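Step one of this worksheet: look at the structure below.
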Amino acid sequence: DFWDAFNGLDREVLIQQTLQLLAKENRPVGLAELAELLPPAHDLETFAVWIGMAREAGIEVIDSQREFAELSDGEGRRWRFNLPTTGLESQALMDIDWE
Amino acid sequence: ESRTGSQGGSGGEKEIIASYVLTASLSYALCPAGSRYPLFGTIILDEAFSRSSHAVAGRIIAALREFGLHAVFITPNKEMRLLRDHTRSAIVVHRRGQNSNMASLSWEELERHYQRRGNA
Amino acid sequence: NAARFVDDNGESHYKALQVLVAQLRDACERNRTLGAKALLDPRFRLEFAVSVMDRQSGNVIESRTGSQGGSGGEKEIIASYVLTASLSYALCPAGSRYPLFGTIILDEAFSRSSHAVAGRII
Amino acid sequence: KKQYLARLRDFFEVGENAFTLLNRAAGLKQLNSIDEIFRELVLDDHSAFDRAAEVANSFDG
Amino acid sequence: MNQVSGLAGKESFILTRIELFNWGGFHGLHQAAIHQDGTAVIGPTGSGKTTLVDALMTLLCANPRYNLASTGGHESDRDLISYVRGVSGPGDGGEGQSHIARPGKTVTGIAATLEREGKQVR
Amino acid sequence: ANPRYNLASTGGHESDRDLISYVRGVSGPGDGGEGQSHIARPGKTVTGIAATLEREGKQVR
Ligand SMILES: Nc1ncnc2c1ncn2[C@@H]1O[C@H](COP(=O)(O)OP(=O)(O)O)[C@@H](O)[C@H]1O
């Protein structure tokens with residue numbers, strides 16, 4: 001468990017990686033599409049951060065419309081995340097400063 | 001050991017035993033008169049595990065499962081690995097300016113397999 | 001004070017002193033009731049409050065006049081900041097703004113705050 | 001140890017309260033509202049709960 | 001491992017949904033879905049995770065102790081009124097009432113649904 | 001001068017550990033085969049502690 005806690009989702013690097021991905025796409029990207037383009041190595045740990053994106057930059061997230069994303073972890077088990085629908089856009093996200 | 005022999009590291013077994021006793025007491029309290037299962041099976045514990053190691057928190061969750069308690073854990077975006085292993089949803093709460101809001105999220109393991117085209 | 005001016009061979013003065021000492025003993029016996037602590041503890045006669053202001057606008061922007069009303073992370077942030085300020089002030093030699101004993105030790109300081117606010121503390 | 005701590009005080013130009021506060025800083029986990037952090041972390045005790053007992057005994061005499 | 005989780009609902013009642021309306025910092029209508037397998041409320045410091053638990057605690061207990069996890073079992077940090085009015089922090093030192101989000105005529109609704117074998121209690 | 005040992009976990013009440021138990025290496029917490037607290041150094045013993053501080057190449061130990 002010491003080693004497991006040693007390595008974790010460094011949201012600092014993920015912040016810039018996501019920002020660069022939105023800059024490259026420069027289009028409204030959902031959570032499922034972001035997961036496809038960016039393979040999360042920690043599952044919901046990443047998703048919360050991305051939701052932290054939408055709610056931090058004012059990008060309203062819709063709960064009625066539900067997308068999905070199938071992702072396999074390190075040991076091979078595959079999970080289907082029922083993400084909400086969001087409208088992540090690079091402009092606003094780059095506008096907001098990050099800690 | 002009539003008296004607890006020792007812990008699993010700085011109160012490891014001690015914390016495990018205390019949490020197990022607390023869970024049993026909660027289950028008994030929620031269990032109706034002469035009932036094996038508590039009618040009110042939901043337990044909320046804010047700041048789920050801040051003073052508890054990952055080794056012990058999994059044990060507390062397992063104990064909560066054994067006593068038939070459905071628990072919702074509140075964490076400050078911390079201890080995501082064990083929460084993800086031992087849960088199947090998350091209510092991401094974010095407050096912007098003076099007003100706050102929620103965003104529900106859920107996930108579930110597809111039956112598929114642990115791995116295909118490999119050792120079974 | 002009024003009785004010290006009476007001319008009765010120190011009888012009224014003795015009675016007033018007796019009342020005062022009875023109060024002192026009452027406080028001493030119950031050495032942790034809020035009243036006793038306020039009576040005999042210097043750091044219990046005065047309250048405390050923090051206030052976040054604006055660098056240019058001196059107006060108070062958020063004054064926690066005790067007013068606990070805070071999350072586990074908020075209280076942690078305030079406590080860590082105030083403790084760091086106190087340590088810096090204490091370790092600084094008189095008339096200097098740089099501490100001479102610059103090393104401090106924290107033990108499991110941050111547990112109730114998110115990873116984003118702990119970095120601000122550091 | 002008294003002389004050694006006096007030498008430390010002289011070298012680092014800080015009173016005993018500085019190092020006592022440094023000690024108390026290693027137990028910040030059990031914190032609460034600002035009032036408890038002030039009355040339990042900084043501005044060390046300096047209470048007068050013992051002097052009151054001596055005053056009471058003198059007044060008993 | 002998945003077989004045991006089916007015990008939920010088959011034996012007793014489990015909370016499945018929380019409804020908030022003008023509760024604390026949750027302006028308007030907000031809905032939270034709780035999985036039968038257990039859920040995790042996560043977020044940064046200064047959000048509505050403690051407010052969300054406090055709503056359910058108010059719904060459940062006769063004399064709820066609000067903000068218990070942060071006060072360390074001490075005198076309850078808040079009360080029902082401060083949640084109903086949406087009090088956001090002590091509120092400066094010159095009145096203003098900016099901290100209070102619902103000073104005038106307002107209504108707050110808190111709902112909680114519990115399920116057991118289809119039977120639902122709200 | 002009078003350090004509060006294990007303040008992080010024992011804060012609020014009196015500390016369990018002391019200087020004697022550190023010199024002797026008592027193992028109060030970890031048991032399983034505890035031979036009466038399993039004093040690691042029961043006989044004649046010597047324990048040394050040293051801390052080094054630096055500033056612009058000037059050392060103080
Ligand atoms: N009565 C109140 N007084 C002050 N702030 C309040 C009150 N009720 C709710 N809040 C605010 O709502 C949030 C409640 O705590 P929260 O941050 O959700 O806890 P945590 O994230 O530690 O679980 C905080 O931002 C707090 O300032």
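Residues are named by chain letter and number: chains run A, B, ... in the order of the structure tokens, numbers start at 1 in each chain, and ligands are numbered from 1 in the order shown.
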Next on the checklist: Residues near residue 36 of chain E, anyone? I mean within 8 Å using only C-alpha atoms, not counting same-chain ones fewer than 3 positions away, as a ChimeraX atom specification.
Outcome noted: /B:70 /E:8-9,14-16,39
Next on the checklist: For residue 36 of chain C, find every residue with an atom within 10 Å (counting only C-alpha atoms), except residues of its own chain fewer than 3 positions away, and show them as a ChimeraX atom specification.
Outcome noted: /C:23-33,39-41,44 /D:49
Report as a tab-separated table the residues of chain D within 9 Å of chain C, each with its shortest atom pair and distance in Å (one decimal), using only C-alpha atoms, ordered by chain and increasing residue number.
```
residue	atom	partner	partner_atom	distance
D:12	CA	C:100	CA	5.9
D:13	CA	C:93	CA	5.4
D:14	CA	C:93	CA	6.0
D:15	CA	C:90	CA	8.2
D:17	CA	C:90	CA	7.6
D:18	CA	C:90	CA	5.0
D:19	CA	C:91	CA	8.1
D:21	CA	C:87	CA	7.0
D:22	CA	C:104	CA	6.8
D:23	CA	C:105	CA	8.4
D:25	CA	C:106	CA	6.5
D:26	CA	C:107	CA	5.1
D:27	CA	C:107	CA	6.8
D:28	CA	C:109	CA	6.4
D:29	CA	C:109	CA	5.9
D:31	CA	C:79	CA	7.5
D:32	CA	C:75	CA	7.0
D:33	CA	C:68	CA	5.7
D:34	CA	C:66	CA	6.7
D:35	CA	C:48	CA	5.7
D:37	CA	C:79	CA	6.6
D:38	CA	C:48	CA	7.6
D:39	CA	C:43	CA	6.0
D:41	CA	C:83	CA	7.7
D:42	CA	C:86	CA	7.1
D:43	CA	C:43	CA	7.4
D:44	CA	C:43	CA	8.5
D:45	CA	C:43	CA	7.4
D:46	CA	C:42	CA	7.1
D:47	CA	C:41	CA	4.7
D:48	CA	C:40	CA	5.5
D:49	CA	C:40	CA	6.0
D:50	CA	C:28	CA	8.1
D:52	CA	C:24	CA	6.4
D:53	CA	C:28	CA	7.0
D:55	CA	C:21	CA	7.6
D:56	CA	C:21	CA	6.1
D:59	CA	C:21	CA	7.3
```
Next on the checklist: Could you tell me which residues of chain E sit within 12 Å of chain D when counting only C-alpha atoms, and give me the result as a list in words?
Outcome noted: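 Selected residues: residues 67, 68, 69, 70, 71, 72, 73, 74, 75, 76 and 77 of chain E.
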Output of the above residues as a compact mmCIF listing (two decimals), in the first residue's frame, restricted to N, CA, C and O atoms:
```
# COMPACT_ATOMS: atom_id res chain seq x y z
N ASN E 67 -22.51 19.74 11.16
CA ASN E 67 -21.07 19.91 10.97
C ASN E 67 -20.27 19.17 12.05
O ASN E 67 -19.27 19.67 12.56
N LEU E 68 -20.72 17.96 12.38
CA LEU E 68 -20.06 17.20 13.44
C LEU E 68 -18.62 16.87 13.08
O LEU E 68 -17.72 16.99 13.91
N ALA E 69 -18.39 16.44 11.84
CA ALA E 69 -17.06 15.98 11.45
C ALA E 69 -16.00 17.07 11.58
O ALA E 69 -14.83 16.75 11.78
N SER E 70 -16.39 18.34 11.46
CA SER E 70 -15.42 19.43 11.52
C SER E 70 -15.24 19.97 12.93
O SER E 70 -14.14 20.38 13.30
N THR E 71 -16.31 19.99 13.72
CA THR E 71 -16.23 20.52 15.08
C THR E 71 -15.67 19.52 16.08
O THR E 71 -15.44 19.89 17.23
N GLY E 72 -15.45 18.27 15.67
CA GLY E 72 -14.91 17.27 16.57
C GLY E 72 -15.82 16.96 17.74
O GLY E 72 -15.36 16.87 18.88
N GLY E 73 -17.11 16.82 17.48
CA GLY E 73 -18.05 16.47 18.52
C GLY E 73 -18.37 17.58 19.50
O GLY E 73 -18.95 17.31 20.55
N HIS E 74 -18.01 18.82 19.19
CA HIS E 74 -18.25 19.94 20.09
C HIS E 74 -19.62 20.54 19.81
O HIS E 74 -20.44 19.97 19.08
N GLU E 75 -19.89 21.70 20.39
CA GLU E 75 -21.19 22.34 20.21
C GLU E 75 -21.44 22.54 18.72
O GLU E 75 -20.56 22.99 17.98
N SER E 76 -22.64 22.17 18.28
CA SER E 76 -22.93 22.11 16.85
C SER E 76 -22.59 23.43 16.19
O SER E 76 -23.05 24.49 16.62
N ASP E 77 -21.79 23.37 15.13
CA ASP E 77 -21.33 24.59 14.48
C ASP E 77 -22.50 25.43 13.98
O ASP E 77 -22.48 26.66 14.07
```
Checklist entry - Given a cut-off of 7 Å, what residues near ligand 1 show up using only C-alpha atoms and all ligand atoms, put as a ChimeraX atom specification? => result /B:46-47,74-76 /C:69-73,112 /E:24-25,43-51,78-79,82-83,86-90
Next on the checklist: Report as a PyMOL selection string all protein, DNA and RNA residues lying within 8 Å of segment 36-45 of chain F, evaluated on only C-alpha atoms, omitting residues in the same chain fewer than 2 positions from it.
Outcome noted: chain F and resi 23-28+31+34+47
Item to check | Expected answer as a VMD selection string: strand (DSSP E) residues in chain F | outcome: chain F and resid 53 to 55 58 to 60
Item to check | Backbone DSSP call of alpha helix (DSSP H) for chain C, listed as a PyMOL selection string | outcome: chain C and resi 11-29+34-40+72-91+115-121
Item to check | Contact residues (chain A, partner chain E, 10 Å, only C-alpha atoms) as a ChimeraX atom specification | outcome: /A:48-49,51-52,63
File of the preceding selection, N, CA and C atoms, as a compact mmCIF listing (two decimals), in the first residue's frame:
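Saved the output as part-v9.txt:
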```
# COMPACT_ATOMS: atom_id res chain seq x y z
N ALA A 48 -13.74 13.16 -11.96
CA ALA A 48 -14.02 14.26 -11.04
C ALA A 48 -13.25 15.50 -11.45
N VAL A 49 -11.95 15.35 -11.71
CA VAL A 49 -11.15 16.49 -12.14
C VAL A 49 -11.77 17.14 -13.36
N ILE A 51 -14.87 16.98 -14.31
CA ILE A 51 -16.06 17.68 -13.84
C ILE A 51 -15.65 18.95 -13.12
N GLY A 52 -14.59 18.89 -12.32
CA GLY A 52 -14.05 20.10 -11.73
C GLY A 52 -13.77 21.15 -12.79
N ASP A 63 -27.39 16.54 -16.25
CA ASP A 63 -27.52 15.23 -15.64
C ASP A 63 -28.59 14.36 -16.29
```
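Atom CA of residue 63 of chain E to atom CA of residue 40 of chain B spans 18.2 Å [interatomic distance, one decimal].
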Using only C-alpha atoms, I'd like a table of the residues in chain A that come within 10 Å of chain B; for each, show the closest atom pair and its distance in Å rounded to one decimal, ordered by chain and ascending number, as a tab-separated table.
```
residue	atom	partner	partner_atom	distance
A:1	CA	B:54	CA	7.1
A:2	CA	B:54	CA	9.2
A:4	CA	B:81	CA	9.5
A:5	CA	B:54	CA	8.7
A:8	CA	B:81	CA	9.2
A:9	CA	B:80	CA	9.8
A:42	CA	B:81	CA	7.8
A:43	CA	B:84	CA	8.4
A:44	CA	B:84	CA	7.3
A:45	CA	B:80	CA	6.2
A:46	CA	B:80	CA	9.9
A:47	CA	B:105	CA	9.1
A:48	CA	B:92	CA	6.5
A:49	CA	B:77	CA	9.1
A:51	CA	B:92	CA	7.6
A:52	CA	B:94	CA	7.2
A:54	CA	B:94	CA	9.8
A:55	CA	B:94	CA	6.5
A:56	CA	B:96	CA	6.6
A:57	CA	B:96	CA	9.0
A:58	CA	B:96	CA	8.1
A:61	CA	B:103	CA	7.5
A:62	CA	B:103	CA	8.2
A:63	CA	B:103	CA	6.6
A:64	CA	B:104	CA	9.9
A:66	CA	B:105	CA	9.0
A:68	CA	B:107	CA	8.9
A:69	CA	B:107	CA	9.1
A:70	CA	B:110	CA	8.7
A:71	CA	B:109	CA	9.8
A:72	CA	B:115	CA	9.4
A:73	CA	B:114	CA	9.8
A:75	CA	B:114	CA	7.2
A:76	CA	B:115	CA	5.0
A:77	CA	B:114	CA	4.5
A:78	CA	B:110	CA	6.0
A:79	CA	B:109	CA	4.3
A:80	CA	B:107	CA	5.6
A:81	CA	B:107	CA	4.0
A:82	CA	B:106	CA	5.0
A:83	CA	B:105	CA	5.5
A:84	CA	B:105	CA	6.6
```
Next on the checklist: For a quick check of understanding, using only C-alpha atoms, which of C:53, C:119, C:85, C:98 has the smallest distance to chain A?
Outcome noted: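 Smallest distance to chain A is found for C:119.
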Item to check | Separation of atom CA of residue 46 of chain F from atom CA of residue 20 of chain F in Å | outcome: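 Separation of atom CA of residue 20 of chain F and atom CA of residue 46 of chain F: 11.6 Å.
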I need the chain C residues near chain A as a JSON list (two decimals) with N, CA, C and O atoms, in the first residue's frame; criterion: at most 10 Å, counting only C-alpha atoms.
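See part04.json below for the written result:
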```
[["chain", "number", "residue", "atom", "x", "y", "z"],
["C", 115, "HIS", "N", -6.40, 18.46, -1.94],
["C", 115, "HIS", "CA", -5.03, 18.58, -2.41],
["C", 115, "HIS", "C", -4.74, 19.94, -3.03],
["C", 115, "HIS", "O", -3.58, 20.34, -3.08],
["C", 116, "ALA", "N", -5.77, 20.66, -3.48],
["C", 116, "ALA", "CA", -5.58, 21.96, -4.10],
["C", 116, "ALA", "C", -5.35, 23.08, -3.09],
["C", 116, "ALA", "O", -4.63, 24.03, -3.39],
["C", 117, "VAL", "N", -5.95, 22.98, -1.91],
["C", 117, "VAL", "CA", -5.76, 23.99, -0.87],
["C", 117, "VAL", "C", -4.55, 23.72, 0.00],
["C", 117, "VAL", "O", -3.99, 24.67, 0.57],
["C", 119, "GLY", "N", -1.64, 22.79, -1.13],
["C", 119, "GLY", "CA", -0.55, 23.43, -1.84],
["C", 119, "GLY", "C", -0.45, 24.91, -1.51],
["C", 119, "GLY", "O", 0.64, 25.46, -1.42],
["C", 120, "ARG", "N", -1.60, 25.56, -1.35],
["C", 120, "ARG", "CA", -1.58, 26.96, -0.91],
["C", 120, "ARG", "C", -0.94, 27.09, 0.46],
["C", 120, "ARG", "O", -0.20, 28.04, 0.72]]
```
Checklist entry - residue 56 of chain B: which residues within 9 Å, counting only C-alpha atoms, same-chain residues fewer than 3 positions away excluded, as number ranges by chain? => result B: 8, 12-13, 15-16, 52-53, 59-61
Item to check | Separation of atom CA of residue 24 of chain A from atom CA of residue 90 of chain A, in Å and rounded to one decimal | outcome: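 Interatomic distance here is 8.9 Å.
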Next on the checklist: Give me, as a ChimeraX atom specification, the residues of chain F touching chain B, with the criterion being at most 7 Å (counting only C-alpha atoms).
Outcome noted: /F:29-32
